[PDB]
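Peer 1:
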Amino acid sequence: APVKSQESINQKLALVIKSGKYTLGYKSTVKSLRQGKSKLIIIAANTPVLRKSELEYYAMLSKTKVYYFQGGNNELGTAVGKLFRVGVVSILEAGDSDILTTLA
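Numbering of the sequence shown is given in the entry's author numbering, commencing with residue 2 and proceeding in unit increments.
1) By Cβ distance below 7 Å, which residues in the same chain neighbour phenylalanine 70 in space, the five residues on each side in sequence not counted?
2) Can we say the stretch 29–42 touches the stretch 50–67, given the rule of at least three CB pairs closer than 8 Å?
3) What are the residues that DSSP puts in a beta bridge with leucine 25?
4) Does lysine 38 come out as helix, strand or coil in the three-state DSSP assignment?
5) Per DSSP, what kind of secondary structure is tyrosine 69 in: helix, strand or coil?
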């Protein structure tokens with residue numbers, strides 16, 4: 002619902018995911034964050050303190066920005082395939098648009 006126009010992060014991130022490199026769902030992000038290889042994580046859930054903080058810890062172990070898209074709707078599933086129905090994503094080689102040096 003793009004009245005919360007922060008939501009256009011989805012639009013720019015799908016524009017990226019068209020050819021820039023990503024990972025999807027807790028284990029898949031946690032994997033490639035522990036590979037150090039991200040520059041941005043999306044967490045589209047109203048995420049509890051210990052689970053946000055572990056993602057945030059991997060964002061800090063890697064060199065990665067954190068974006069809490071925490072509106073329960075998680076419209077981010079438009080960029081990545083809504084089947085997860087919470088939107089935890091991370092972006093690595095964004096070789097398309099600037100997104101993770103614009104959010105920096």
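Just so it is clear, CB atoms sit at the ideal spot from N, CA and C, and this is done for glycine as well.
Peer 2: The relevant details are as follows:
1) Here residue 70 refers to the residue found at position 69 when the sequence shown is read from its first residue. In the same chain as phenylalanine 70, and ignoring 5 residues on each side of it, the C-beta atoms closer than 7 Å to its own belong to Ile10, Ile43, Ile44, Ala45, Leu77, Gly88, in chain order.
2) A contact exists between the stretch 29–42 and the stretch 50–67.
3) What you label residue 25 is simply residue 24 of the sequence shown in a count that begins at 1. Answer by DSSP bridge pairing, in chain order: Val90.
4) One-based indexing of the sequence shown puts residue 38 at position 37. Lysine 38 falls in the coil class under three-state DSSP.
5) Locating residue 69 in the sequence shown gives position 68, counting from the first residue. The DSSP-derived three-state label of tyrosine 69 is coil.
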